[PDB]
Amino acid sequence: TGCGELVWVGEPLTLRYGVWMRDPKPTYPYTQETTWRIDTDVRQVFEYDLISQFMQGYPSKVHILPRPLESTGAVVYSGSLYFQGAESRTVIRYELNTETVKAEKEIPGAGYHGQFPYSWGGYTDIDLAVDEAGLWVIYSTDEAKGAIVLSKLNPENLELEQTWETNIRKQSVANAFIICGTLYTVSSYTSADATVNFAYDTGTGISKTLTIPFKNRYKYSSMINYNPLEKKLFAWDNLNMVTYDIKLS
């Protein structure tokens, strides 16, 4: 089937100057092979029309954002860059082709700037994510006492269409990502032998503890972007982009 429960994650494979992203819902004038690189005051977004230009690193367009990014936890979705404004709980939708801020949204009650980071720290309080069902934001609040909160976002206007309060402490996991409507978290032990240790199914409200091995090289709050179009995990560890294959039940 197209979707299912995560049962296996492959070994990370290093992909041959900054974190880059592709659109899982490519929208004309862009195509599947359009790439965007965030140069890491993170404010420049470099746009490459072709994979050749991207690998033969010559950009086709440079965007200047109206404000800098809090972190690399941004996504490109349906022609827009969605990101968190520095030193804020504000998510911004920046339409890339028109260079227009189409929407801004305060994530209500969200902690930011070192309140609810992942276990390895950094300004990772708030993460944007994309899956088969659309656009998400992962965060926490004082109301939720540091438990991971997730909200499905309307990609047009950034309204919170639905919110779930999960039963896992955000600061106790190294990372999190959403596949087929299920939130998965990555453990934070000491070895490179991490695990996908928890799942929360937003379709049912059912959560459980898992033991899926997840290879991780550095004790660093990596930028993980699941790409539902490729059905692969993409991750940036401040040094390289890597891809994890997956298998769904």
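Numbers for residues come from their place in the sequence shown, where the first is 1.
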| property | result |
| --- | --- |
| Gap size, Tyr17 back to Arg16 (deposited sequence, no coordinates) | 4 to 9 |
| Gap size, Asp41 back to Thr40 (deposited sequence, no coordinates) | 1 to 3 |
| Selected stretch [higher average CA B-factor]: 95 to 103 or 135 to 143 | 95 to 103 |
| Of 57 to 65 and 28 to 36, the one with larger mean CA B-factor | 57 to 65 |
| Maximum C-alpha temperature factor, selected from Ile51, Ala199, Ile224, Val186 | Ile51 |
| From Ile206, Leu210, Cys180, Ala192, residue of greatest CA B-factor | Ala192 |
| Position of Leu229 among the chain's modelled residues by C-alpha B-factor, lowest, middle or highest third | lowest |
| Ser88 - which third its CA temperature factor falls in, relative to the rest of the chain | middle |
| Entry-reported Cα temperature factor of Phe214, expressed as the chain third it lands in | middle |
| Modelled-residue ranking by C-alpha temperature factor, third containing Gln162 | lowest |
| Chain-wide C-alpha B factor ranking for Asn175, given as lowest, middle or highest third | lowest |
